[PDB]
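Now for the letters of each chain:
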Amino acid sequence: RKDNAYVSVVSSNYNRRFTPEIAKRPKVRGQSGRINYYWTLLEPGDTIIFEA
Amino acid sequence: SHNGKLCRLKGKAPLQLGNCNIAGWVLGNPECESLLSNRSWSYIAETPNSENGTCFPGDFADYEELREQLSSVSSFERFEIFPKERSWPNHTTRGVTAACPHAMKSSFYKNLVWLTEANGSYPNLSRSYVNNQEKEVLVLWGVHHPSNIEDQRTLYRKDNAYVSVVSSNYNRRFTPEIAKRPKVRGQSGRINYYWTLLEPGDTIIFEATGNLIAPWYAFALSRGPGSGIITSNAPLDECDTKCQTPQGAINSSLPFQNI
Amino acid sequence: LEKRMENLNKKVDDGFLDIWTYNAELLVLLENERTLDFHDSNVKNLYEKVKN
Ligand SMILES: *[C@@H]1O[C@H](CO)[C@@H](O[C@@H]2O[C@H](CO)[C@@H](O[C@@H]3O[C@H](CO[C@H]4O[C@H](CO[C@H]5O[C@H](CO)[C@@H](O)[C@H](O)[C@@H]5O)[C@@H](O)[C@H](O)[C@@H]4O)[C@@H](O)[C@H](O[C@H]4O[C@H](CO)[C@@H](O)[C@H](O)[C@@H]4O)[C@@H]3O)[C@H](O)[C@H]2NC(C)=O)[C@H](O)[C@H]1NC(C)=O
Ligand SMILES: *[C@@H]1O[C@H](CO)[C@@H](O[C@@H]2O[C@H](CO)[C@@H](O)[C@H](O)[C@H]2NC(C)=O)[C@H](O)[C@H]1NC(C)=O
Ligand SMILES: *[C@@H]1O[C@H](CO)[C@@H](O)[C@H](O)[C@H]1NC(C)=O
């Protein structure tokens, strides 16, 4: 429900801003859209914040 | 002891870059026009200090990875991936610059096309190429970053433009960054050069609303068992040795060297 | 886009294993000769002991 969206994932050792990129793409497994997968490893006693 | 002279290897002439770089060879620099022909070689011979690389200033992204990919390449087939006349009916392809002079007149790269406006408008762009060469194809393009907003509105008719280049193994969106820059070779603007290696049976899609330096000629790359890049100042003569150094060539069955 | 890393890791893995293969083989042949001369010296010093 919006043109401009973002994903913000901030830890103590992680800080990245993600912007969706809408484009015409080749079809892989019947899908023209992509989910870009990310990961991080939390420290003991660390806080991860997911904003979107 | 060596010959002291650069040699061909097993009756196969090396690709001598001469005054060219790896970058100026693949981008199709106008001084590097002799190398743009279908050929095979045993190795790539390059000068330690060669200036004819990227004539327009900018950052060649993953240049040293391209050199490592092209160290094991034995031949190419230069083919027109996007024709300059057929594929661009709504843009003016006749874009030259003063950073690349060819016989004292302004020219541009022989593998890339600088798209500009046509009749005061830059339409949307969506050109797809499917790899039917059954080999790895080196696709080469660029993104123009202007110096002021006046040149951006003059060339591409919009403030906010983007370039989106999506393969199956490539996905990158490009944003022009207008800034005041130091002048390199008389230009305050930058063209940032990018590359990808297309898989056999893979589709590259080029999308842009502005600032695209589109591919014109691509390289269908053929790999080889024995190849490399040799950085040498030695002159090349007629010679049919089996061992080649930068400092010369070796014709012996001795097990060791110190060259 | 990490071919320079793949070639460097391949060079390290195929250089260390070649060096240790050469070291093991060279040690085996050199102490094979030292054993074959040590036994001859042990027979000859036994003959020399009985002679003396
Ligand atoms: C601090 O920095 C910021 C950003 O870093 C500065 O902000 C920028 O300031 C400049 C200068 O004021 C702005 O440019 C103006 O944009 C206006 C709006 O643009 C719309 O209309 C355009 C019309 O296009 C036609 O005119 C342009 C020339 O203006 C031609 O190039 C073009 O080919 C056309 O013929 C549209 O193209 C555009 O898409 C927008 O819809 C313009 O109206 C404005 O033009 C005026 O000035 C011209 C002289 O320069 C004059 O000839 C015109 O008739 C008109 O009077 C001008 O181009 C940037 O938009 C602005 N950027 C942002 C992000 O805000 C800020 O100024 C700076 N501060 C200081 C103190 O330096
Ligand atoms: C260099 O090699 C390319 C191969 O990629 C040649 O392009 C082919 O040309 C023939 C005609 O001789 C066409 O039938 C093919 O369809 C072309 N293939 C393409 C465009 O992928 C090109 O002609 C060669 N240039 C030379 C020999 O000067
Ligand atoms: C090629 O190199 C020479 C010498 O460095 C230089 O004068 C010339 O302008 C260069 N040409 C291009 C197109 O960069």
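Scoring rules and cut-offs
- Residues numbered from 1 in each chain as written, not as in the entry; some residues may be left out.
- Chains lettered and ligands numbered in written order.
- Part of a larger assembly, values for the part shown.
- Heavy atoms only, no water.
- Contact = heavy atoms within 4.5 Å.
- Near = heavy atom within 4 Å.
- Polar contact = N/O pair within 3.5 Å; in protein donor to acceptor, adjacent residues only side chain to side chain.
- Areas by Shrake-Rupley, 256 points an atom, 1.4 Å probe, with all protein chains shown as cover.
- Nonpolar A, V, L, I, M, F, W, Y, C, P; charged D, E, K, R; others polar.
- Buried area = accessible area lost by both parts, 1.4 Å probe.
- Salt bridge = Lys/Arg side-chain N within 4 Å of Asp/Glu carboxyl O.
- Helix = DSSP H or I, 4+ residues; strand = E, 2+ residues; numbered from the N terminus.
- Pairing = 2+ DSSP bridges.
- Axes fitted to C-alpha atoms, helices over the stretch in contact; angles between N-to-C directions.

Per the deposited record, cryo-EM is how this structure was determined, to a resolution of 2.97 Å.

Taking contact number as the criterion, the leading pair out of two pairs of chains in contact is chains A and B. Looking at chain A next to chain C, you find no contact at all, with the nearest C-alpha pair sitting 18 Å apart.

Residue and element names in this part refer to chain B. Around ligand 3, the surrounding shell consists of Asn-29, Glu-31, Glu-51, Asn-52, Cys-55, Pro-101 and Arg-185. One of the side-chain N or O atoms of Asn-52 is found 2.4 Å from an oxygen atom in ligand 3. Protein coverage of the free-state accessible area of ligand 3, which is 370 Å², stands at 65%. Split by residue class, the shell around ligand 3 holds two nonpolar, two polar and three charged.

Let us now look at the interface of chain B and chain A. Taken together, the eleven residues of chain B in the interface contact seven residues of chain A. Taken over both partners, the interface formed by chain B and chain A buries close to 780 Å², and the fraction arising from carbon and sulfur atoms is 54%. When residues of chain B are sorted by the area they lose upon contact with chain A, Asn171(B), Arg173(B) and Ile205(B) head the list and together hold 44% of the total. Linking chain B with chain A are zero salt bridges, by the criterion used here. Counting the contacts that link chain B with chain A gives two residue pairs in polar contact. Those elements that place two or more of their residues in the side of chain B that touches chain A are β9 (125-130), β11 (163-166), β12 (171-174) and β14 (203-208) of chain B. Taken together, the residues that form the side of chain B that touches chain A break down as two nonpolar, seven polar and two charged.

All names here are of chain B. Here three strands make up an open sheet; going across it, the order is β2-β4-β17 and the pairing parallel. Unpaired on one side and paired on the other, β2 (15-18) and β17 (229-231) mark the two borders of the sheet. Within this sheet the neighbouring strands show an average axis-to-axis angle of 20 degrees, counted without direction.

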